[PDB]
>>> print(open('target_7.tsv').read())   # TSV, C-alpha atoms
chain	number	residue	atom	x	y	z
K	1	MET	CA	85.98	-126.74	95.72
K	2	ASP	CA	87.92	-123.87	94.18
K	3	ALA	CA	87.22	-121.84	97.32
K	4	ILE	CA	88.90	-124.37	99.61
K	5	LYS	CA	91.73	-124.93	97.12
K	6	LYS	CA	92.82	-121.29	96.94
K	7	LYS	CA	91.98	-120.49	100.59
K	8	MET	CA	94.17	-123.40	101.70
K	9	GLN	CA	97.19	-121.34	100.60
K	10	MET	CA	95.86	-118.62	102.91
K	11	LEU	CA	95.66	-121.11	105.78
K	12	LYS	CA	99.26	-122.13	105.10
K	13	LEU	CA	100.31	-118.48	105.15
K	14	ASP	CA	98.50	-117.94	108.45
K	15	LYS	CA	100.36	-120.88	110.00
K	16	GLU	CA	103.70	-119.62	108.68
K	17	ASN	CA	102.96	-116.10	109.93
K	18	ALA	CA	102.15	-117.41	113.41
K	19	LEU	CA	105.38	-119.43	113.47
K	20	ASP	CA	107.49	-116.50	112.27
K	21	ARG	CA	105.80	-114.12	114.72
K	22	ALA	CA	106.58	-116.50	117.59
K	23	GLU	CA	110.20	-116.79	116.42
K	24	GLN	CA	110.60	-113.00	116.19
K	25	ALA	CA	108.95	-112.54	119.59
K	26	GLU	CA	111.36	-115.02	121.19
K	27	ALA	CA	114.34	-113.32	119.50
K	28	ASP	CA	113.26	-109.86	120.67
K	29	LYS	CA	112.69	-111.30	124.15
K	30	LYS	CA	116.27	-112.61	124.16
K	31	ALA	CA	117.62	-109.24	123.01
K	32	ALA	CA	115.61	-107.40	125.68
K	33	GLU	CA	116.82	-109.79	128.38
K	34	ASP	CA	120.45	-109.37	127.30
K	35	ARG	CA	120.22	-105.58	127.31
K	36	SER	CA	118.50	-105.69	130.71
K	37	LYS	CA	121.30	-107.86	132.14
K	38	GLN	CA	123.99	-105.49	130.86
K	39	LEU	CA	122.08	-102.48	132.22
K	40	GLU	CA	121.79	-104.24	135.59
K	41	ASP	CA	125.54	-104.88	135.67
K	42	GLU	CA	126.19	-101.22	134.88
K	43	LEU	CA	123.69	-100.14	137.56
K	44	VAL	CA	125.37	-102.25	140.25
K	45	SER	CA	128.79	-100.93	139.19
K	46	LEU	CA	127.54	-97.34	139.45
K	47	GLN	CA	125.93	-98.13	142.82
K	48	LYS	CA	129.29	-99.32	144.14
K	49	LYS	CA	130.85	-96.15	142.73
K	50	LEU	CA	128.22	-93.99	144.46
K	51	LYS	CA	128.77	-95.81	147.77
K	52	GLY	CA	132.50	-95.14	147.54
R	1	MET	CA	84.13	-136.12	106.41
R	2	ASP	CA	83.84	-136.53	110.18
R	3	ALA	CA	87.60	-137.06	110.28
R	4	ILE	CA	88.05	-133.82	108.33
R	5	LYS	CA	85.90	-132.01	110.89
R	6	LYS	CA	87.86	-133.23	113.90
R	7	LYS	CA	91.24	-132.79	112.20
R	8	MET	CA	90.45	-129.20	111.33
R	9	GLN	CA	89.28	-128.62	114.92
R	10	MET	CA	92.57	-130.02	116.28
R	11	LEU	CA	94.41	-127.75	113.83
R	12	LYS	CA	92.38	-124.78	115.11
R	13	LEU	CA	93.54	-125.82	118.57
R	14	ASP	CA	97.18	-126.02	117.45
R	15	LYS	CA	96.89	-122.49	116.04
R	16	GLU	CA	95.45	-121.18	119.30
R	17	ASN	CA	98.32	-122.89	121.17
R	18	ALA	CA	100.82	-121.22	118.83
R	19	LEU	CA	99.24	-117.82	119.45
R	20	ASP	CA	99.29	-118.63	123.18
R	21	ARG	CA	103.03	-119.31	123.12
R	22	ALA	CA	103.53	-116.09	121.14
R	23	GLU	CA	101.49	-114.14	123.70
R	24	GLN	CA	103.44	-115.66	126.60
R	25	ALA	CA	106.72	-114.71	124.92
R	26	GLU	CA	105.41	-111.19	124.30
R	27	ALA	CA	104.26	-110.82	127.92
R	28	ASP	CA	107.66	-111.92	129.22
R	29	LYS	CA	109.24	-109.51	126.74
R	30	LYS	CA	107.05	-106.66	128.01
R	31	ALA	CA	108.08	-107.48	131.59
R	32	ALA	CA	111.76	-107.48	130.60
R	33	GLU	CA	111.27	-104.19	128.74
R	34	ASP	CA	109.63	-102.56	131.77
R	35	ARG	CA	112.57	-103.73	133.88
R	36	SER	CA	114.98	-102.30	131.29
R	37	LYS	CA	113.24	-98.91	131.29
R	38	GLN	CA	113.25	-98.80	135.10
R	39	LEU	CA	116.94	-99.75	135.14
R	40	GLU	CA	117.85	-97.12	132.53
R	41	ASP	CA	115.96	-94.43	134.45
R	42	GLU	CA	117.67	-95.39	137.70
R	43	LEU	CA	120.98	-95.49	135.81
R	44	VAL	CA	120.71	-91.94	134.48
R	45	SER	CA	119.43	-90.74	137.86
R	46	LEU	CA	122.41	-92.38	139.53
R	47	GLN	CA	124.89	-90.92	137.04
R	48	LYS	CA	123.77	-87.33	137.58
R	49	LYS	CA	123.38	-87.77	141.35
R	50	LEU	CA	126.93	-89.17	141.36
R	51	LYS	CA	128.11	-86.16	139.36
R	52	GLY	CA	126.45	-83.83	141.86
B	1	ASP	CA	103.80	-130.90	131.13
B	2	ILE	CA	100.76	-129.48	129.36
B	3	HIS	CA	102.68	-128.43	126.24
B	4	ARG	CA	104.38	-131.81	125.84
B	5	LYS	CA	101.01	-133.51	126.15
B	6	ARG	CA	99.54	-131.20	123.52
B	7	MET	CA	102.28	-132.09	121.02
B	8	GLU	CA	102.11	-135.83	121.75
B	9	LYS	CA	98.33	-135.88	121.26
B	10	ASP	CA	98.47	-133.69	118.16
B	11	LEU	CA	101.00	-135.98	116.46
B	12	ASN	CA	99.29	-139.27	117.30
B	13	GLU	CA	95.84	-137.89	116.50
B	14	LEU	CA	97.13	-136.60	113.15
B	15	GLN	CA	98.39	-140.08	112.31
B	16	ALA	CA	95.04	-141.62	113.28
B	17	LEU	CA	93.18	-139.02	111.17
B	18	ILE	CA	95.32	-139.75	108.12
B	19	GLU	CA	94.70	-143.48	108.54
B	20	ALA	CA	90.94	-142.85	108.85
B	21	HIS	CA	90.88	-140.78	105.68
B	22	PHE	CA	92.84	-143.45	103.82
B	23	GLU	CA	90.25	-146.00	104.95
B	24	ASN	CA	87.47	-143.78	103.62
B	25	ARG	CA	89.37	-143.20	100.37
B	26	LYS	CA	89.92	-146.92	99.76
B	27	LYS	CA	86.23	-147.58	100.46
B	28	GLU	CA	85.37	-144.86	97.93
B	29	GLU	CA	87.76	-146.48	95.43
B	30	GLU	CA	86.00	-149.82	95.83
B	31	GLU	CA	82.66	-148.07	95.30
B	32	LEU	CA	84.07	-146.41	92.16
B	33	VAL	CA	85.16	-149.78	90.77
B	34	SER	CA	81.75	-151.26	91.52
B	35	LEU	CA	80.16	-148.19	89.89
B	36	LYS	CA	82.06	-148.74	86.64
B	37	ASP	CA	81.24	-152.47	86.72
B	38	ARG	CA	77.59	-151.58	87.16
B	39	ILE	CA	77.78	-149.14	84.25
B	40	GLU	CA	79.02	-151.92	81.95
B	41	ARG	CA	76.46	-154.42	83.19
B	42	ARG	CA	73.62	-151.89	82.87
B	43	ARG	CA	74.80	-151.44	79.28
B	44	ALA	CA	74.56	-155.22	78.83
B	45	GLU	CA	71.12	-155.25	80.47
B	46	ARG	CA	69.88	-152.53	78.11
B	47	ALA	CA	71.19	-154.56	75.18
B	48	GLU	CA	69.29	-157.59	76.49
B	49	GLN	CA	66.15	-155.47	76.92
B	50	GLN	CA	66.29	-154.12	73.36
B	51	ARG	CA	66.82	-157.66	72.06
B	52	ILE	CA	63.81	-158.83	74.08
B	53	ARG	CA	61.79	-155.95	72.62
B	54	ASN	CA	62.81	-157.03	69.12
B	55	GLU	CA	61.73	-160.59	69.90
B	56	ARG	CA	58.40	-159.27	71.18
B	57	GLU	CA	57.96	-157.24	67.99
B	58	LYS	CA	58.49	-160.40	65.95
B	59	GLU	CA	55.93	-162.23	68.10
B	60	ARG	CA	53.46	-159.37	67.55
B	61	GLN	CA	54.02	-159.51	63.79
B	62	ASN	CA	53.50	-163.29	63.75
B	63	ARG	CA	49.89	-162.89	64.95
>>> encode(input="target_7.tsv", output="structure tokens")
Amino acid sequence: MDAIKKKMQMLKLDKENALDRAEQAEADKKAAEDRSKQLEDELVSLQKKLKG
Amino acid sequence: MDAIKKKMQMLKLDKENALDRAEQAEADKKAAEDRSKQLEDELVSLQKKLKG
Amino acid sequence: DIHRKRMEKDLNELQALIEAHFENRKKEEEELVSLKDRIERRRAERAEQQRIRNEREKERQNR
């Protein structure tokens, strides 16, 4: 009984960790996408420059 | 009893789904990161080729 | 489509599971009440048995 009582806190922590990890992964994905978009815009600008 | 068994199993399933969403986000993030590295490499290559 | 289904099912199944546990808990509560009632009536039955034993001892002494 005591085993399940104290280990339930551990289960709660595992759920919270999975939620936070998913949140952080989505945030880092958004940051990576933003930086990729800006790099793409700079690459097209420099390609136009090179063509000229 | 039996309800506890099935409820815990459904929870197990929810946790796997949460890890699945995290893994999907991380895979998309890895794809975006690979695109960013390729774009940065092309960008530096373009900048020095333009200078030349 | 799949994810929405998964959430819908998880929510409604969780509600059904909670209702099922409450039904088991109330049945256990009724069994607990009956258990206490049986404890008191077993006490009364033991009192009746000791009184019957006393009556039998008197009968044995009378003959």
>>> residues_around(input="target_7.tsv", residues="residue 14 of chain K", least_positions_apart="2", cutoff="12 Å", atoms="only C-alpha atoms", output="JSON, numbers by chain")
{"K": [7, 8, 9, 10, 11, 12, 16, 17, 18, 19, 20, 21], "R": [11, 12, 15, 16, 18, 19]}
>>> interface_residues(input="target_7.tsv", of="chain B", to="chain R", cutoff="9 Å", atoms="all atoms listed in the file", output="PyMOL selection string")
chain B and resi 3+6-7+10+13-14+17-18+20-21+24
>>> residues_around(input="target_7.tsv", residues="residue 49 of chain R", least_positions_apart="4", cutoff="9 Å", atoms="only C-alpha atoms", output="MDAnalysis selection string")
(chainID K and resid 50) or (chainID R and resid 44:45)
>>> interface_residues(input="target_7.tsv", of="chain K", to="chain R", cutoff="8 Å", atoms="only C-alpha atoms", output="list in words")
residues 15, 18, 19, 21, 22, 25, 26, 28, 29, 32, 33, 35, 36, 39, 40, 42, 43, 46, 47 and 50 of chain K
>>> atom_distance(input="target_7.tsv", atom1="atom CA of residue 28 of chain B", atom2="atom CA of residue 43 of chain B")
22.4 Å
>>> calpha_fit_and_write(input="target_7.tsv", fixed="chain K", moving="chain R", output="short mmCIF file (atom, residue, chain, number, x, y, z; two decimals) with C-alpha atoms, in the frame of the given file")
data_model
loop_
_atom_site.label_atom_id
_atom_site.label_comp_id
_atom_site.auth_asym_id
_atom_site.auth_seq_id
_atom_site.Cartn_x
_atom_site.Cartn_y
_atom_site.Cartn_z
CA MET R 1 87.85 -129.17 95.86
CA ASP R 2 90.38 -126.91 94.15
CA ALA R 3 89.03 -124.04 96.23
CA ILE R 4 89.55 -126.14 99.36
CA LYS R 5 93.15 -126.74 98.33
CA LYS R 6 93.97 -123.08 97.80
CA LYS R 7 92.05 -121.94 100.88
CA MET R 8 93.92 -124.37 103.08
CA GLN R 9 97.21 -123.20 101.51
CA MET R 10 96.34 -119.55 102.28
CA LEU R 11 95.49 -120.63 105.84
CA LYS R 12 98.87 -122.37 106.09
CA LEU R 13 100.36 -119.06 105.01
CA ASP R 14 98.38 -117.14 107.63
CA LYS R 15 99.68 -119.53 110.30
CA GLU R 16 103.27 -119.03 109.16
CA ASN R 17 102.69 -115.24 109.27
CA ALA R 18 101.35 -115.57 112.82
CA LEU R 19 104.40 -117.56 113.88
CA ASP R 20 106.55 -114.94 112.13
CA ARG R 21 104.99 -112.12 114.15
CA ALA R 22 105.46 -114.20 117.31
CA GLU R 23 109.13 -114.78 116.45
CA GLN R 24 109.68 -111.08 115.74
CA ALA R 25 108.12 -110.18 119.10
CA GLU R 26 110.29 -112.80 120.82
CA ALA R 27 113.45 -111.52 119.12
CA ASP R 28 112.70 -107.95 120.18
CA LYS R 29 111.99 -109.27 123.67
CA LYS R 30 115.34 -111.09 123.74
CA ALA R 31 117.09 -107.87 122.68
CA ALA R 32 115.31 -105.92 125.43
CA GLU R 33 116.20 -108.64 127.95
CA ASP R 34 119.88 -108.53 126.97
CA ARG R 35 119.80 -104.76 127.42
CA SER R 36 118.15 -105.21 130.82
CA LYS R 37 120.80 -107.69 131.97
CA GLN R 38 123.60 -105.39 130.80
CA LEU R 39 121.96 -102.45 132.57
CA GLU R 40 121.48 -104.40 135.81
CA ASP R 41 125.11 -105.55 135.75
CA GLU R 42 126.34 -102.01 135.15
CA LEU R 43 123.96 -100.83 137.89
CA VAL R 44 125.33 -103.17 140.55
CA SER R 45 128.89 -102.44 139.40
CA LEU R 46 128.18 -98.73 139.70
CA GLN R 47 126.60 -99.08 143.15
CA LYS R 48 129.58 -100.88 144.66
CA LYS R 49 132.12 -98.67 142.86
CA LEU R 50 130.21 -95.67 144.24
CA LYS R 51 130.34 -97.21 147.72
CA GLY R 52 134.09 -97.71 147.38
#
>>> atom_distance(input="target_7.tsv", atom1="atom CA of residue 22 of chain B", atom2="atom CA of residue 40 of chain B")
27.2 Å
>>> atom_distance(input="target_7.tsv", atom1="atom CA of residue 19 of chain B", atom2="atom CA of residue 1 of chain B")
27.4 Å
>>> decode(input="target_7.tsv", residues="chain K", atoms="C-alpha atoms", output="compact mmCIF listing (two decimals), in the first residue's frame")
# COMPACT_ATOMS: atom_id res chain seq x y z
CA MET K 1 0.00 0.00 0.00
CA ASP K 2 2.83 2.33 0.95
CA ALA K 3 4.61 1.31 -2.25
CA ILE K 4 1.76 2.47 -4.48
CA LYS K 5 1.20 5.59 -2.37
CA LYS K 6 4.75 6.93 -2.71
CA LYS K 7 5.28 5.63 -6.27
CA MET K 8 2.11 7.42 -7.37
CA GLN K 9 4.01 10.70 -6.92
CA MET K 10 6.61 9.23 -9.29
CA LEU K 11 3.89 8.45 -11.83
CA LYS K 12 2.66 12.03 -11.56
CA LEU K 13 6.19 13.30 -12.13
CA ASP K 14 6.57 11.07 -15.18
CA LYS K 15 3.36 12.48 -16.67
CA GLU K 16 4.46 16.05 -15.97
CA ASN K 17 7.90 15.38 -17.45
CA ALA K 18 6.35 13.98 -20.63
CA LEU K 19 4.08 17.02 -20.93
CA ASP K 20 6.93 19.48 -20.35
CA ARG K 21 9.20 17.61 -22.77
CA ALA K 22 6.51 17.80 -25.46
CA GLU K 23 6.05 21.53 -24.78
CA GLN K 24 9.79 22.20 -25.00
CA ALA K 25 10.07 20.11 -28.16
CA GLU K 26 7.28 22.09 -29.82
CA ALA K 27 8.88 25.39 -28.74
CA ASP K 28 12.29 24.38 -30.10
CA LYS K 29 10.59 23.22 -33.30
CA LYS K 30 9.00 26.65 -33.68
CA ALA K 31 12.34 28.38 -33.08
CA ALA K 32 14.09 26.13 -35.61
CA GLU K 33 11.38 26.77 -38.20
CA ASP K 34 11.60 30.54 -37.69
CA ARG K 35 15.38 30.55 -38.05
CA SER K 36 15.10 28.36 -41.15
CA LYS K 37 12.59 30.76 -42.72
CA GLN K 38 14.85 33.76 -42.08
CA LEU K 39 17.86 31.88 -43.46
CA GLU K 40 15.83 30.98 -46.56
CA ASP K 41 14.89 34.62 -47.10
CA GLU K 42 18.54 35.62 -46.79
CA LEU K 43 19.56 32.84 -49.18
CA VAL K 44 17.09 33.96 -51.85
CA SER K 45 18.23 37.58 -51.42
CA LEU K 46 21.87 36.54 -51.87
CA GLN K 47 20.90 34.41 -54.88
CA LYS K 48 19.33 37.45 -56.53
CA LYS K 49 22.49 39.41 -55.68
CA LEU K 50 24.68 36.70 -57.24
CA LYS K 51 22.53 36.64 -60.38
CA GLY K 52 22.91 40.40 -60.75
